[PDB]
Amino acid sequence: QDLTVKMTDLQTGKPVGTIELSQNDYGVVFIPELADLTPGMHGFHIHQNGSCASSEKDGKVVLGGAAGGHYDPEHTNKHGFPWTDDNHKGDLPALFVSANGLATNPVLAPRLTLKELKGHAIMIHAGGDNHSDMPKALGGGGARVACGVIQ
């Protein structure tokens, strides 16, 4: 009852490692073993669709845009924290990337179950995540930089 998720850099198309998912009594733990990411904090969320392909919007290309918006099974239409209920269930703690571009700090999502994640996608943004739609939408994560489909 743990799954392996292969993550790919959306810009380069190359693998950046994997993320292992596990279920415990307090929620789902995401344990990253990634590399080649920019140091700092990055938005980290489950997205709705099971794809990492691009999408299009007003004539411009959206890397990993086919993955849809944030997982939001309760139709909240709001971005928030991992421990608040009236926002996307997909909202995870932000992912920390070391000066050496590695991401190994595991994080917990108390509102998710492992069973419901199958078929969705894990997204790593460029920006961080202040867990609010202000001053920028979706926690200010901005562009999608790494993505993997949960199988």
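Don't overthink the numbering: it's just position in the shown sequence, from 1.
Of 124-132 and 7-15, the one with larger mean CA B-factor: According to the PDB entry, the answer is 7-15.
Could you settle it for me: does 56-64 or 113-121 have the higher average Cα B factor in the PDB entry? Mean B over CA atoms: larger for 56-64.
Based on the PDB record, which member of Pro82, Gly50, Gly43, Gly69 exhibits the highest Cα temperature factor? The listed residue with the largest C-alpha B-factor is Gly50.
Split into thirds by Cα B-factor across the chain's modelled residues, where does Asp36 land: lowest, middle or highest? Highest third - that is where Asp36 ends up once the chain's C-alpha B-factors are sorted.
Is the Cα B-factor recorded for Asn105 in the lowest, middle or highest third of its chain? As the PDB entry reports it, the C-alpha B-factor of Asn105 lands in the middle third of its chain.
C-alpha B factor of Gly27, ranked within the chain: lowest, middle or highest third? Within its chain, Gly27 is a highest-third residue by C-alpha B-factor, going by the deposited values.
Would you check the entry's CA temperature factor for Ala137 and let me know if it's in the chain's lowest, middle or highest third? Middle third by C-alpha B-factor.
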